[PDB]
Amino acid sequence: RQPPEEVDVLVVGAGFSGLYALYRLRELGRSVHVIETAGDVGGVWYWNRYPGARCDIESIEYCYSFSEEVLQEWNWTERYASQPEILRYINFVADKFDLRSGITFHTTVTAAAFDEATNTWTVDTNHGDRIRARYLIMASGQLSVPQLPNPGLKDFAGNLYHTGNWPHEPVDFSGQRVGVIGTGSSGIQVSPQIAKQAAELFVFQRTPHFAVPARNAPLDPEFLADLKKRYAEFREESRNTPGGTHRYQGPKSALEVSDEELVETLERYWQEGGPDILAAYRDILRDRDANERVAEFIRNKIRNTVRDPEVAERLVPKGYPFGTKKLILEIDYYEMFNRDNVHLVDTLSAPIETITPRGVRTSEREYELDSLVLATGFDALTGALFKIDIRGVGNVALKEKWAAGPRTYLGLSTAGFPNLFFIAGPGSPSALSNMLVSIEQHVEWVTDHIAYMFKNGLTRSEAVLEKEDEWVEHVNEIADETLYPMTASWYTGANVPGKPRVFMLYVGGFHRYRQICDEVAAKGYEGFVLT
Ligand SMILES: Cc1cc2nc3c(=O)[nH]c(=O)nc-3n(C[C@H](O)[C@H](O)[C@H](O)COP(=O)(O)OP(=O)(O)OC[C@H]3O[C@@H](n4cnc5c(N)ncnc54)[C@H](O)[C@@H]3O)c2cc1C
Ligand SMILES: NC(=O)c1ccc[n+]([C@@H]2O[C@H](COP(=O)([O-])OP(=O)(O)OC[C@H]3O[C@@H](n4cnc5c(N)ncnc54)[C@H](OP(=O)(O)O)[C@@H]3O)[C@@H](O)[C@H]2O)c1
């Protein structure tokens with residue numbers, strides 16, 4: 011629109027988090043406005059328009075629950091929503107509640123500084139706006155700053172793309188020699204799409220990722236009508252799980268079962284499709300021998316999928332425990348490699364030397380290409396904030412405080428930066444659960460908190476230094492009882508050169524985490540000092 015001078019609560023970003031903050035603060039009777047870089051609402055589902063983009067949580071799980079009207083009216087069509095359909099859903103929710111009048115688009119926040127004189131935040135943008143707001147809510151997302159791989164990039168003659176900043180006009184790869192770098196789920200979702208148009212598809216793999224089949228399906232309209240009858244009930248069940256979905260929590264240890272029961276329980280998971288296998292046994296994430304048992308089964312499934320055993324073996328992920336990078340759902344990605352026009356280039360054995368203007372040189376050879384797609388992921392969890400000059404008490408940069416890894420109390424707040432809040436970021440369950448559930452819980456908790464400051468005539472909320480320190484020690488310690496910290500992944504910050512290695516997330520589970528938050532709020536926000 012045109013942003014106001016002054017406001018109770020300013021919110022950065024218009025994706026699932028932003029929009030919800032906005033609605034609920036209006037419903038709390040507070041003044042609120044949102045600033046967003048993009049052209050319209052959407053967040054990851056506005057930016058990641060690459061062909062094949064699709065969620066790995068079931069449509070019925072990956073949605074809002076705050077609005078009974080919305081559960082009733084909206085019709086999902088598939089087990090997993092593709093990106094254009096999740097975007098229609100966000101647009102449907104935005105029209106419903108007229109959220110757009112609360113949002114300025116095309117505008118990036120560049121700086122923010124806390125003024126101890128007034129207990130208020132002063133916020134700057136790239137258009138020149140300067141806004142003043144008692145509270146700052148960073149809803150700038152976890153996987154919102156695209157990351158380019160590490162020499163010869165401006166030299167490329169052909170066309171160049173990132174999956175996480177995809178053009179709005181569809182792209183035509185017909186005829187072309189095309190390369191994709193990256194086999195994350197971006198890489199793995201967009202390749203089979205490209206392999207349909209192009210004359211030649213080169214997939215540049217570094218470390219192979221474990222992917223299991225999605226087995227997408229139509230969503231039976233009967234089933235949806237039935238669920239609608241019990242919908243709030245259904246979400247409440249998800250809200251009472253470690254992961255925020257209906258995944259079954261395998262009670263047994265993967266070491267305890269026989270070999271034949273392992274093959275059967277797991278085979279049954281492979282036929283069903285989806286990520287639920289992750290919780291097939293309790294210790295897949297807590298014990299290296301358990302994990303290797305599941306890992307090997309899956310590796311053989313990957314071997315069975317391609318005819319040419321030389322290529323197959325290049326696709327088998329090695330050297331890290333199963334599940335310790337995000338688990339990826341594939342749809343016809345492994346079958347793709349049986350096509351004549353698809354070539355797997357291993358950069359574990361022959362690293363990428365440089366990009367030339369014609370293509371990509373490994374040690375081994377040069378590869379000539381007309382178009383190049385980077386599926387190389389994001390500066391995850393801390394990227395978005397690090398692009399912003401944020402300054403607290405004593406004029407400390409957040410960049411300086413968090414330089415050795417994020418330091419938070421509950422992930423919600425950082426000491427020395429009062430009245431500042433982070434939605435679904437480091438210090439909290441974040442992307443280790445269904446993010447609609449993590450996100451809704453944080454928005455309700457932060458915004459309850461704001462409501463509670465106003466009713467009680469307070470104006471300053473800061474996390475206590477020693478309570479933040481204890482939360483950090485707690486997060487690291489529970490991380491270190493699992494296999495997560497063992498492995499380089501975006502969870503750790505490992506795909507950004509020179510980024511500190513630190514498992515950035517709460518691994519306890521959504522459910523414990525919520526409990527802790529409710530106790531904290533119940534006690535009057537213990538661990539915070541309010542004045
Ligand atoms: C391709 C993809 C698929 C995903 N699939 C799933 C899934 O399967 N399961 C699941 O649980 N989660 C999934 N996610 C994770 C995703 O982060 C969450 O599900 C959720 O959508 C994040 O919403 P958000 O509002 O918190 O952040 P975002 O959607 O990232 O919204 C942040 C917004 O803030 C904007 N912004 C950033 N900096 C500024 C600034 N300085 N000024 C103004 N605006 C700014 C960004 O442009 C962005 O639009 C996936 C993520 C990606 C990238
Ligand atoms: N189905 C879905 O819902 C979906 C879709 C897209 C994204 N997401 C979310 O967003 C996260 C990001 O997925 P993503 O595929 O975009 O990114 P990613 O998981 O961070 O994977 C990035 C990929 O590019 C490679 N890469 C990065 N830098 C490189 C370099 N300098 N040289 C060579 N190769 C390099 C990595 O190889 P290495 O492993 O060896 O680093 C990896 O293949 C996902 O885990 C998930 O949370 C979800």
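Note that the sequence shown covers residues 11 to 160, 162 to 542 in PDB author numbering.
Virtual Cβ for every residue (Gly too), placed ideally from N, Cα, C.
Practice problem: Tell me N170's beta-bridge partners as DSSP assigns them. | Solution: Counting from one through the sequence shown, the residue named residue 170 turns up at place 159. Partner(s): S382.
Going by DSSP, what residue range makes up the beta strand (DSSP E) through residue 161? Coordinates for residue 161 are simply not present: the residues of the chain run from 160 and resume at 162.
### Message
What would DSSP say about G535, mapped onto helix, strand or coil?
### Response
Position 524 of the sequence shown holds residue 535. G535: coil per DSSP, three-state reduction.
| message | Let's test the definition: count the other Cβ atoms within 10 Å of the Cβ of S360 and tell me whether it reaches 16, buried, or not, exposed. | response | Position 349 of the sequence shown, counting from 1, holds the residue named residue 360. So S360 ends up on the exposed side.
(message) Just list the residues that DSSP pairs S92 with in beta bridges.
(response) In the sequence shown, the residue the question calls residue 92 occupies position 82. Under DSSP, the beta-bridge partners assigned to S92 are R64.
Review point. Taking all protein chains shown into account, do 16 or more other C-beta atoms lie within 10 angstroms of the C-beta of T174, making it buried, or fewer, making it exposed?
Key: Numbered from its first residue, the sequence shown carries residue 174 at position 163. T174 counts as buried, since at least 16 other C-beta atoms from the protein chains shown sit within 10 angstroms of its C-beta.
Notebook entry, point to check: Among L423, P508 and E377, which one has its Cα closest to the Cα of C528?
Noted result: Locating residue 528 in the sequence shown gives position 517, counting from the first residue. Cα-wise, what sits closest to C528 is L423.
Within its chain, find whatever has a CB closer than 7 angstroms to the CB of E537; leave out the 5 residues flanking it on each side and keep chain order.
As a working note, residue 537 is residue 526 in the sequence shown. Leaving aside the five residues that flank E537 on each side, the residues in its chain whose CB is nearer than 7 angstroms to its CB run, in chain order, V531.
Tell me the start and end of each unbroken alpha helix (DSSP H) in the region 199 to 285 that is at least 4 residues and wholly inside, in chain order. Runs of the alpha helix (DSSP H) lying entirely within the region 199 to 285 and spanning at least 4 residues, in chain order: 232 to 240, 242 to 249 and 270 to 283.
Discussion item. Quick check on the burial criterion: 16 or more other C-beta atoms within 10 angstroms. Buried or exposed for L431?
Written reply: In the sequence shown, residue 431 corresponds to position 420, counting from 1. The residue is buried, with at least 16 neighbouring Cβ atoms inside 10 Å.
Next on the checklist: Applying the 10 Å Cβ sphere with the 16-neighbour rule, what's the burial state of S154?
Outcome noted: Start at 1 with the first residue of the sequence shown, and residue 154 comes out as number 144. Buried, by the Cβ-count rule.
Beta-carbon separation of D294 and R258 under 7 angstroms?
Counted from its first residue, the sequence shown places residue 294 at position 283. Counted from its first residue, the sequence shown places residue 258 at position 247. No; because the gap between Cβ atoms is not below 7 angstroms, this pair is not in contact.
Reducing DSSP to helix, strand and coil, say where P496 ends up.
-> Start at 1 with the first residue of the sequence shown, and residue 496 comes out as number 485. DSSP, read as helix, strand or coil, puts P496 in helix.
Problem - Minimum length 3: unbroken beta strand (DSSP E) runs contained in the region 421 to 476 - result: Whole beta strand (DSSP E) segments, 3+ residues: 431 to 433 and 472 to 474.
Check: So is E341 buried or exposed if we call it buried at 16+ other beta carbons inside 10 Å?
Finding: On the sequence shown, position 330 is the one that residue 341 refers to. So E341 ends up on the buried side.
Consider the C-beta atom of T387 and the heavy atoms of ligand 2; say whether any pair is separated by less than 6 angstroms.
Taking the first residue of the sequence shown as 1, we reach residue 387 at position 376. For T387, the shortest separation between its Cβ and any heavy atom of ligand 2 lies below 6 angstroms.
Hey, how far is the Cα of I339 from the Cα of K240?
As a working mapping, residue 339 is identified with position 328 in the sequence shown. As a working mapping, residue 240 is identified with position 229 in the sequence shown. Approximately 32 angstroms, taken between the alpha carbons.
Which term fits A414, buried or exposed, when burial requires 16 or more other beta carbons within 10 angstroms of its beta carbon?
For the purposes of this step, residue 414 is identified with residue 403 of the sequence shown, where counting begins at 1. So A414 ends up on the exposed side.
Note to self: Residues in the same chain with beta-carbon distance under 8 angstroms from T373, minus the five sequence neighbours each way, listed in chain order, please.
What the structure shows: By 1-based counting over the sequence shown, the position of residue 373 is 362. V356, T358, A361, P362, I363 and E364.
* What residue ranges within the region 335 to 419 form continuous beta strand (DSSP E) runs of no fewer than 3 residues, ordered along the chain? -> Taken in chain order, the whole beta strand (DSSP E) runs of length 3 or more contained in the region 335 to 419 are 339 to 341, 353 to 357, 363 to 366, 370 to 373, 377 to 379, 382 to 385 and 400 to 402.
TODO: Sort out for me which residues DSSP pairs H43 with in a bridge.
DONE: Along the sequence shown, one-based indexing puts residue 43 at 33. Per DSSP, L20.
DSSP on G190, reduced to helix/strand/coil?
Here residue 190 corresponds to residue number 179 of the sequence shown, with the count starting at 1. DSSP places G190 in strand when its eight states are reduced to three.
*asked:* Alpha carbons only, please: which of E46, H220 and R369 is nearest the one belonging to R11?
replied: Position 1 of the sequence shown, counted from the first residue, corresponds to residue 11. The residue from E46, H220 and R369 with its alpha-carbon nearest to that of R11 is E46.
Exercise for review: Could you give the DSSP three-state label for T130: helix, strand or coil?
Suggested key: By one-based count along the sequence shown, residue 130 stands at place 120. Of the three classes helix, strand and coil, the one that applies to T130 here is strand, per DSSP.
(Q) Am I right that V448 and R140 are in contact with their C-beta atoms under 8 angstroms? What's the rounded C-beta distance? (A) Within the sequence shown, the letter at position 437 stands for residue 448. Within the sequence shown, the letter at position 130 stands for residue 140. In fact, because the Cβ distance is near 36 angstroms, the residues do not count as touching under 8 angstroms.
Excluding the five sequence neighbours on either side, which residues of its own chain have a C-beta within less than 8 angstroms of the C-beta of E88, listed in chain order?
-> Here residue 88 refers to the residue found at position 78 of the sequence shown. The residues are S69, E95, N227, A228, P229 and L230.
Exercise. Quick check: the region 180 to 195 against the region 385 to 397, are there 3 or more CB pairs under 8 angstroms?
Worked result: The region 180 to 195 is in contact with the region 385 to 397.
Limits of the beta strand (DSSP E) - the one that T120 falls within = Position 110 of the sequence shown, counting from 1, holds the residue named residue 120. Looking at the DSSP string, the run of the beta strand (DSSP E) that includes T120 is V119 to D125.
Practice prompt. Closer than 8 angstroms by C-beta to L164: which residues in its own chain qualify, once you throw out the five before and the five after it? Chain order, please.
Written response: Within the sequence shown, the letter at position 153 stands for residue 164. Take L164, set aside five residues on each side of it, and the residues of its chain with a beta-carbon closer than 8 angstroms to its own are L171 and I366, in chain order.
Notebook entry, point to check: Roughly how many whole angstroms lie between the Cα atoms of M347 and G438?
Noted result: Taking the first residue of the sequence shown as position 1, residue 347 is located at position 336. Taking the first residue of the sequence shown as position 1, residue 438 is located at position 427. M347 and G438: Cα-Cα distance of roughly 39 angstroms.
- So what does DSSP say about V305, is it helix, strand or coil? Within the sequence shown, numbered from 1, the residue matching residue 305 stands at position 294. Shown here, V305 sits in a helix according to DSSP, grouped into three states.
Quiz item: Closest to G403 by CA distance: which of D66, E83, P61 and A122 is it?
Solution: Counted from its first residue, the sequence shown places residue 403 at position 392. The residue with the shortest Cα to Cα distance from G403 is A122.
Review point. Helix, strand or coil: which one does DSSP assign to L81?
Key: For the purposes of this step, residue 81 is taken as the residue at position 71 of the sequence shown. Here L81 sits in helix by DSSP.
Near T498, what residues of its chain come up, given a Cβ to Cβ distance below 6 angstroms and the 5 sequence neighbours on each side ignored? Position 487 of the sequence shown holds residue 498. Excluding five sequence positions before and after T498, the CB atoms of its chain that fall closer than 6 angstroms to its own CB belong to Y331 and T335, given in chain order.
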